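One chain is shown next in structure tokens, namely the form deposited in one PDB entry.
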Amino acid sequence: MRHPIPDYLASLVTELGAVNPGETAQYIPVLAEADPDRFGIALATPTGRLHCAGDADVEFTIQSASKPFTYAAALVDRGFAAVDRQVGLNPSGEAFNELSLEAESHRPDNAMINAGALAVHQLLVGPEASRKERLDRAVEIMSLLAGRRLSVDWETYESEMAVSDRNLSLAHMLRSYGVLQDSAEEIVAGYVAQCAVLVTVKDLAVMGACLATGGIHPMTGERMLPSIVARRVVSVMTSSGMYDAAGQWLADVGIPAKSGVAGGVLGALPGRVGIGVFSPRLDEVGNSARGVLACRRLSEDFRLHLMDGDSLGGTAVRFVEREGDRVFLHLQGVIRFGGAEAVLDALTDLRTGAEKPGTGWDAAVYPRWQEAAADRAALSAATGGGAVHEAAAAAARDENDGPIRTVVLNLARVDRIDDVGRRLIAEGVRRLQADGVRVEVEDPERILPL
């Protein structure tokens, strides 16, 4: 059988491809002349899968879509403090107002706008880095997430460098205020080359997947960026990626994304998917007309919306078996606060101490809640509590005859766990032993420690 997702993409391409409104980027001859009859799309999954359709192997300059990647590198190369002092976090239109730098901050609004991107480039390696080191540091970060050595299309670079008065304007203003140190020409040159890096709809998908996983490369499993750094990048994509229309975009689509004037659109939905879309023509506000509509389709047909929750929940608890005197509690999935939290519910739901719990709510006041609670399997199916309820069960009819003396924690089925999970699950075990309960942790591939 053939995977049905790519067939969905092919249908979407054909349906939305029935028309092609808008225009190709006019302010740069090379892009205005590009072939408009192109439309491709790709989805890179968290686990390493790649679905596509249409022109998804056609290279094009990434332009603005490169902004979240250089921001990432700047954060790793200089640290938050140095970068935040130069780049802000507020949404705004690309139209520039000097008043935004007059603030006691003296820094452009965010990293998605040109002025902010020029400050990011300037920060790329260190204060004593040359023009060349910063350029390939840019090319390097994009290349490392794309999984292959990328190149700069000098034809576009030269084409744009000849009509770069606006960005030179932005760079000179930024210097007067001290956000740039080197020359306006030098920083603008590096950013224009940066925007000229060539990628395909599939490179973007994979690059976006790196951000969606929190920094881990989906095709290898190695960490390319620290999760805290990726969180900030996807955060700014959502609040500023679509400028003044971000509010409308978050609600109707709900996907962190950034478009580029060459037709490309980058998407990255944490924990679920990396998206790459390509369609030359732009709408009245500068984005890829079909590129963004296609994102809206993916969101409406699949509910791939940042506000549509998809958590591990109680499913972190694979099962709870009360063999006899000992209890077997197995865990699974990627454990973070979500799973760790449920785990703590399981452990606590065993009577390993005088059970004088704090319901939290007055049963007398909420008769409905008590009734619903009376059937824990039903309520657990309606919310999504996995096998956590098997804990109250083990401590149920089974405790009527015999106390629990040993608890085995098996983590074989667990893929990974962050520090938050580790510290929480650790504490839960520390408190078990305190109840005079034996606790043995069966962890084949030592994952538990910090």
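In case it trips you up, residue 1 is the first one in the sequence shown, and so on. We call the rigid core whatever largest set of C-alpha positions still superposes within 1.5 Å between the two forms.
If you look for the form deposited in another entry, you will not find it shown, but the lines that follow are about it.
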Of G271, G247, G79, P367, which is the single residue whose C-alpha shifts by 2 angstroms or more between the shown form and the other one after core superposition? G247
Can you tell whether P21 sits closer to or farther from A245 in the other form than it does here, judged by CA atoms, where the change is 3 Å or more? closer
Are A268 and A246 closer or farther apart at the Cα level in the other form than shown, by 3 Å or more? farther
